[PDB]
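Quick setup: one chain, the form deposited in one PDB entry, written in structure tokens, and binding and motion questions come after.
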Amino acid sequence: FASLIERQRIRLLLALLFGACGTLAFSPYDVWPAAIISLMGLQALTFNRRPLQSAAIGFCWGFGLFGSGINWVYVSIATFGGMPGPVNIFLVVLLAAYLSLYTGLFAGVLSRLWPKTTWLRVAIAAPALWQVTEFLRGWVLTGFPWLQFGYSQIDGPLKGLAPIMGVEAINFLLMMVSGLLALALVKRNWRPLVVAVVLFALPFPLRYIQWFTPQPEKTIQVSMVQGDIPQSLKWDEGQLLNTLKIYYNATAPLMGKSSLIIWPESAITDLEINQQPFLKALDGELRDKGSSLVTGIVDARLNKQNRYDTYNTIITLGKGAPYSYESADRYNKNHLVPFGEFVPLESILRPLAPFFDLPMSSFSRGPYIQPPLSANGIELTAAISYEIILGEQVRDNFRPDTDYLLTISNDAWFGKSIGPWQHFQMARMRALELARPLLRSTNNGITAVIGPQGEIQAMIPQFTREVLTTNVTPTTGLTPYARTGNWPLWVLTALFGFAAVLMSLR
């Protein structure tokens, strides 16, 4: 049994098993210790492997993590994309394989510069190189920072580290802690595990410090509405009036009683200019009662060059924010979803390979930093769906005078899969590091109110048409992550990178 692990093909098979165990740590399978096992399974099979041989181990580990965690993408591709089954499976495998290069790149470089299995490789070299490769996965071709082992600790021992340096600190720390556990197992030494136990127990008290301050006499009654609208590519024509009637009939009783009313992404499945009387009259009704509505709409502004820019807008109506087509209380989606809203790199792919379905018209991008939306005297930092998994853009748009965090989204393409849950967990992450309540409204998704510590305050069942009426108290105060950002971690990464690379160049 000891003579079988040294085989290369045995290492690859175990990489799939240990890689797949990582997906059992996210929201649908709330098992946080399944991330340490996956990480310690990564930097324990790569031990005593020459370069270009441990990269295959890392690639297979990544293929087992992104091939079993990111597989809900098949639901959206098969159901809506007009492509045959073999092509649909091919794209999911290709996406898993592509995301596995960064894991493969991490292993091929870790075992090249640091071949010997020592504490320098696992405690120092691995977390610094892991953070760099994770950044590259989240930066190349607009990135895809999905399935990061820092969101699994939203309710865990390491949740206190999120307000200090962000989610990436948990990813950095878990790789360091998991590596020492792997070093202890392989080398049969109690020192690596003793250090790992102490290192893992240090951030536990950090979850009992409240950087925020709840404000009792400023609370409102949010009334986020879950449409349960069936999905379509063209959004249909007759169904345009039905969805407007569904939201309006489910909102009119909520007016007056509720201060803020929130609708999901693309709640109005039409261009903003096309429905002016509906919005102007609705704003008048809300203003006369004392409620403000925040809804996601698609607007095609006319640029100074006489070319339309189809933004993904979040308009605000009602009391405290009168609606006007020239108003500044709008949010335009900056980071578009690859292959869903825009082609990451066209003119080399669209004419070359028209067999794969691509969107004929692509959305435009808004400013990177935008002021918080004003709604009935409340400042909200919007983040449309995919933008909530980006911990940097949300922090940059965040301001001290921000009351709530908005996560207008529509994860109805993926059906009953685990994608909506994993997205919900990442959205839940951007409420503990910023210490602001998060108001997430979705269509056929997890419509919930997240507290200032990544805690689910109120929630409604998925795939049903319901309104989530609850009281939310705004919080004040700045976390160390909000005040500084992600640069304190990159200083630590640079210092560890400088220290580790110098040791590899004796």
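Residue indices: 1-based, along the sequence shown. Only residues modelled in both forms are compared. Here the rigid core means the biggest group of C-alpha atoms that line up within 1.5 Å when the two forms are laid on top of each other.
Below: the form deposited in another entry, not depicted.
Among the residues 213, 305, 232, 249, the single one whose Cα moves by at least 2 Å between this form and the one not shown, once the core is superposed, is 232. In this overlay on the rigid core, residue 284 has a C-alpha that sits less than 2 Å away from its partner position between this form and the one not shown. After superposition on the rigid core, the Cα of residue 98 moves by less than 2 Å between this form and the one not shown. For residue 399, a C-alpha deviation below 2 angstroms is recorded between this form and the one not shown after rigid-core alignment. The Cα-Cα distance between residue 91 and residue 233 is lengthened by 3 Å or more in the other form relative to the form shown here. By 3 Å or more, the C-alpha separation between residue 276 and residue 360 shrinks in the other form relative to the form shown here. After superposition on the rigid core, stretches of three or more consecutive residues whose Cα atoms move by at least 2 Å between this form and the one not shown are found at 232 to 234, 343 to 361.
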